[PDB]
Undergrad: 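I am attaching a structure below and will ask some questions about it afterwards.
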Amino acid sequence: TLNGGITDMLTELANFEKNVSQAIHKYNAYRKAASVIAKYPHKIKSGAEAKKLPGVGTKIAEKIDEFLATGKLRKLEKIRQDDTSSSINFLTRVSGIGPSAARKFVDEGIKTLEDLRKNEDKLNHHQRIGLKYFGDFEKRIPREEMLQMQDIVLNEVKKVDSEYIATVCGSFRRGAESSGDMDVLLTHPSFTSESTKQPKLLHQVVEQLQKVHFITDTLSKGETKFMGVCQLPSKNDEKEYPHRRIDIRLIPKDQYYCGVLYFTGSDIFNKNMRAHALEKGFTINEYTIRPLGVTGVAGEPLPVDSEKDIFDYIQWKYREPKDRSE
DNA sequence: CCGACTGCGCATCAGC
DNA sequence: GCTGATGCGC
DNA sequence: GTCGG
Ligand SMILES: Nc1ncnc2c1ncn2[C@H]1C[C@H](O)[C@@H](COP(=O)(O)OP(=O)(O)[C@H](Cl)P(=O)(O)O)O1
Ligand SMILES: [Cl-]
Ligand SMILES: [Cl-]
Ligand SMILES: [Mg+2]
Ligand code: NA
Ligand code: NA
Ligand code: NA
């Protein structure tokens, strides 16, 4: 990629501030800076040039000057040498371990992958499954496997009830050649903003996917969100596929377009789009777009009949999923 | 300068 | 138990 | 850490 050095540097700084400093705004600021530079269709030749971009200010511009001149950042060099920082950054790579638990473990002398395996009784359930599939969860998913996975999920959902609709979102819907996980949007005519005519709607789908050994583990589960682990079946003598993260989101069917807009992302595109909505006087979530009145209180849901309607409200030209990879 | 920074489900904990 | 805050991940 | 007002 065109400014890969700079965006990697900024991502490492973002990870440091979230994981180690526990400074969530610095984290979001670095990620915004990285995203706008990754977008920029010119090889950046100075910090001043990059400062022209929205979300690059004085401090990042100076870091960019250091990096272009020397190929590195002293601040990052030091972070990498610091044992406490390095240990906490590593521990947050386990799904379910964040900045707080990572620092808790390191304070206790639990600093390595071995230390976790030796201390499984100190992990909650999510962290336990994350440790178990730590290696698997580092591997990306080729689109060819996502297509197999899509085909399994959609057919099994159909066998539970043919009125379900399951839509694979995330990077897959944006056309990516590889995905980090599988995100499935689900709807059913019984569950709308106005009524829930049948419960267990998500449960029945999860149960059927466990029955056929597609879903292998559960990280968390509720009435509308499932987060867990799945695996493609392998053939005779074939090495097994890696285990994969899967998230299933049950959205009221009349709220499908806000739901699919949300679950298609990217996360930074969503953040940017919701920022713009506020500037235009609306608030967007995965259910509705609503105005902000005189008090900045969210009013009543606006009528939405397409993803593009959402764009129309905030005065953005429609962007196809493949152009939302920010 | 400096207040605001996207929005929310599920798990866990704390205080009653 | 419930409620609200926090942790974590999406 | 950045920025609109
Ligand atoms: N912090 C956030 N704020 C708003 N929307 C978010 C969000 N995080 C995620 N979403 C929305 C927007 C996301 O697109 C959707 C899925 O989240 P996933 O973490 O799986 O992101 P992806 O795009 O699929 C990644 Cl490129 P990969 O999974 O291939 O590694 O959820
Ligand atoms: Cl901060
Ligand atoms: Cl809502
Ligand atoms: Mg995803
Ligand atoms: Na700027
Ligand atoms: Na983690
Ligand atoms: Na996900």
Side-chain angles (χ1 to χ4, degrees), chain A residues 9-10 13-14 16-19 21-37 47 50-64 75 91-105 122-130 137 169-172 179-186 202 206 218-229 245-252 255 258-280 282-290 292 296 298 310 314 326:
Chain A
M9 168 190 62
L10 296 176
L13 286 166
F16 171 75
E17 296 290 358
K18 184 185 178 150
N19 296 338
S21 307
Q22 298 183 243
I24 194 62
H25 305 292
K26 298 198 187 187
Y27 160 77
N28 291 111
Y30 279 119
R31 287 199 72 206
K32 180 177 180 195
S35 173
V36 66
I37 288 174
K51 193 167 182 316
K52 303 195 152 107
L53 304 169
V56 183
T58 298
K59 291 322 290 150
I60 286 166
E62 298 190 356
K63 285 172 170 61
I64 290 179
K75 179 188 184 63
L91 291 184
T92 67
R93 294 165 73 187
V94 186
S95 184
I97 304 186
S100 186
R103 189 175 281 287
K104 193 223 316 169
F105 289 140
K122 289 210 234 309
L123 308 178
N124 66 39
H125 178 68
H126 186 143
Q127 296 166 338
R128 204 189 163 97
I129 308 299
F137 287 179
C169 306
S171 48
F172 173 82
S179 293
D181 72 342
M182 191 194 193
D183 305 301
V184 180
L185 182 69
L186 185 76
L202 180 56
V206 167
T218 299
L219 297 174
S220 59
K221 91 185 175 320
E223 71 183 24
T224 59
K225 190 180 71 168
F226 174 90
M227 309 194 346
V229 180
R245 282 279 289 102
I246 179 172
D247 300 330
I248 304 169
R249 189 66 185 268
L250 175 64
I251 290 285
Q255 301 184 329
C258 287
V260 75
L261 173 71
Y262 154 73
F263 222 22
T264 298
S266 67
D267 58 343
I268 291 181
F269 170 80
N270 284 0
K271 181 183 180 292
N272 286 345
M273 185 169 186
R274 296 165 174 204
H276 187 67
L278 287 185
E279 288 162 1
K280 289 299 202 161
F282 307 83
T283 182
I284 302 174
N285 59 20
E286 63 261 55
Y287 310 111
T288 61
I289 182 177
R290 315 166 275 156
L292 295 182
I310 310 182
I314 65 176
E326 288 165 22

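In the text below, chain A, chain B and the rest are named by the order of the sequence lines, each starting its count at 1.
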Undergrad: For A:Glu62, give me all partners under salt bridge (charged side-chain N to carboxylate O under 4.0 Å, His left out), at least two apart in sequence or on another chain.
TA: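 Expected list: A:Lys59.
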
Undergrad: Measure the distance from CD on A:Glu286 to P on C:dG9 and round it to the nearest whole Å.
TA: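 Atom CD in A:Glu286 sits about 18 Å away from atom P in C:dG9.
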
Undergrad: Taking the same atom, P, in D:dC3 and in B:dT6, what whole-Å distance lies between them?
TA: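 It works out to 14 Å between them.
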
Undergrad: Rounded off to whole Å, could you give me the NZ-to-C1' distance for the A:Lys271 and B:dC8 pair?
TA: 16 Å

Undergrad: In this structure, how many angstroms lie between the P atom of B:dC10 and the CZ atom of A:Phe226, rounded?
TA: 12 Å

Undergrad: Considering only C:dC8, B:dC5, C:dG9, which nucleotide approaches the side chain of A:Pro99 most closely?
TA: C:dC8

Undergrad: Can you name the atoms? Protein N/O to nucleotides 3-5 of chain D N/O, anything below 3.5 Å, with the distance.
TA:
from	atom 1	to	atom 2	distance (Å)
D:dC3	OP1	A:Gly55	N	2.8
D:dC3	OP1	A:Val56	O	3.4

Undergrad: Which pair of non-hydrogen atoms, one from A:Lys32 and one from A:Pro54, has the smallest distance, and what is that distance?
TA: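 Looks like CE-O, 4.1 Å.
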
Undergrad: Among B:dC10, B:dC8, C:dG9, which nucleotide sits nearest the side chain of A:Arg249?
TA: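 Closest nucleotide to the A:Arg249 side chain: B:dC8.
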
Undergrad: Only counting residues at least two apart or in another chain, list the ones meeting side-chain contact (heavy atoms from CB on, under 4.5 Å) with A:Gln22.
TA: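 Result, side-chain contact (heavy atoms from CB on, under 4.5 Å) vs A:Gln22: A:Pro99, A:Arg103.
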
Undergrad: Would you indicate what A:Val94 reaches in the nucleic acid, counting non-hydrogen atoms under 4.0 angstrom: base, sugar-phosphate, or nothing?
TA: sugar-phosphate

Undergrad: Return the set of residues passing side-chain contact (heavy atoms from CB on, under 4.5 Å) with A:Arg128 (not counting sequence neighbours), or none when no residue passes.
TA: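 Listed in chain order: A:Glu120.
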
Undergrad: Does A:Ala277 reach a base, just sugar-phosphate, or nothing at all? Heavy atoms under 4.0 Å.
TA: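 The answer is nothing, as A:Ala277 stays clear of every strand by at least 4.0 Å.
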
Undergrad: Look for any protein N or O under 3.5 Å of an N or O in nucleotides 11-14 of chain B and output each such pair with its distance, or none.
TA:
from	atom 1	to	atom 2	distance (Å)
B:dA11	OP1	A:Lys221	N	3.0
B:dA11	OP1	A:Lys221	O	3.3
B:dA11	OP2	A:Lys221	O	3.3

Undergrad: Side chain of A:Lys26: nearest nucleotide among B:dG7, B:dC5, D:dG1?
TA: D:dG1

Undergrad: So does A:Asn285 get a side-chain nitrogen or oxygen closer than 4.0 Å to the phosphate oxygens (OP1/OP2) of B:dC8?
TA: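 Affirmative; the distance criterion is met.
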
Undergrad: Closer than 4.0 Å, any side-chain N/O of A:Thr283 to the OP1 or OP2 of B:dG7?
TA: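 Yes, such a contact exists.
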
Undergrad: If I take atom CG in residue A:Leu91 and atom P in nucleotide C:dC8, what distance separates them, rounded to the nearest angstrom?
TA: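 About 11 Å, once rounded to whole Å.
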
Undergrad: Just the rounded figure in Å: distance from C1' of B:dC5 to OH of A:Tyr30.
TA: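 Answer to the nearest Å: 16 Å.
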
Undergrad: Would you please name every residue forming a ring-ring contact (aromatic ring centres under 6.0 Å, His included) with A:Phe16, sequence neighbours left out?
TA: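 Not a single residue meets the ring-ring contact (aromatic ring centres under 6.0 Å, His included) criterion with A:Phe16.
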
Undergrad: Of all the heavy-atom pairs spanning A:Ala102 and A:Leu91, show the shortest one and how long it is.
TA: O-CD1, 3.6 Å

Undergrad: Write down the distance between CD1 (A:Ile24) and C1' (C:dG9), rounded to a whole number of angstrom.
TA: 11 Å

Undergrad: Atom CD of A:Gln127 to atom P of C:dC8: distance rounded to whole Å?
TA: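 Whole-Å distance recorded here is 8 Å.
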
Undergrad: Can you check whether A:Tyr287 has a side-chain N or O nearer than 4.0 Å to OP1 or OP2 of B:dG9?
TA: yes

Undergrad: Can you name the closest pair of heavy atoms from A:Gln127 and A:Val94 and give their distance?
TA: O-CG1, 4.0 Å

Undergrad: Based on the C1'-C2'-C3'-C4' torsion angle, does the furanose ring of D:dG1 adopt a north or a south pucker?
TA: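 Sugar pucker of D:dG1 - south, given that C1'-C2'-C3'-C4' is below zero.
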
Undergrad: Look at A:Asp247 together with A:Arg249 and state whether they make a salt bridge at an N to O cut-off of under 4.0 Å.
TA: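 No, no charged N to carboxylate O under 4.0 Å.
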
Undergrad: Can you tell me how far OG1 of A:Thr283 sits from CZ of A:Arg290, rounded to the nearest 0.5 angstrom?
TA: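 If I round to the nearest 0.5 Å, the distance is 5.5 Å.
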
Undergrad: Just to be sure I understand the rule, does A:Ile97 reach a base, reach only the sugar-phosphate, or reach nothing, if contact means heavy atoms closer than 4.0 Å?
TA: sugar-phosphate

Undergrad: Pick base, sugar-phosphate or nothing for A:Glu223, based on heavy-atom distances below 4.0 Å to the nucleic acid.
TA: sugar-phosphate

Undergrad: Base, sugar-phosphate or nothing for A:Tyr27? Non-hydrogen atoms, less than 4.0 Å.
TA: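 Since no nucleic acid heavy atom lies under 4.0 Å of A:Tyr27, the category is nothing.
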
Undergrad: Does A:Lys225 put a side-chain nitrogen or oxygen below 4.0 Å from OP1 or OP2 of B:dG9?
TA: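 No.
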
Undergrad: For A:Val229 and A:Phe137, work out which heavy atoms get closest and say how close.
TA: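 Nearest pair, atom of A:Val229 first, then A:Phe137: CG2-CZ, 3.6 Å.
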
Undergrad: Looking only at non-hydrogen atoms, find the nearest pair between A:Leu250 and A:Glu223 and report the distance.
TA: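 Answer, listing the atom of A:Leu250 first, then A:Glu223: CD2-O, 3.7 Å.
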
Undergrad: Taking atom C1' in both B:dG9 and D:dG1, what distance in whole Å separates the two?
TA: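 To the nearest whole Å, 29 Å.
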
Undergrad: Round to a whole Å and report the spacing from CG of A:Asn19 to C1' of C:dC8.
TA: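 Rounded to the whole Å, the gap is 12 Å.
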
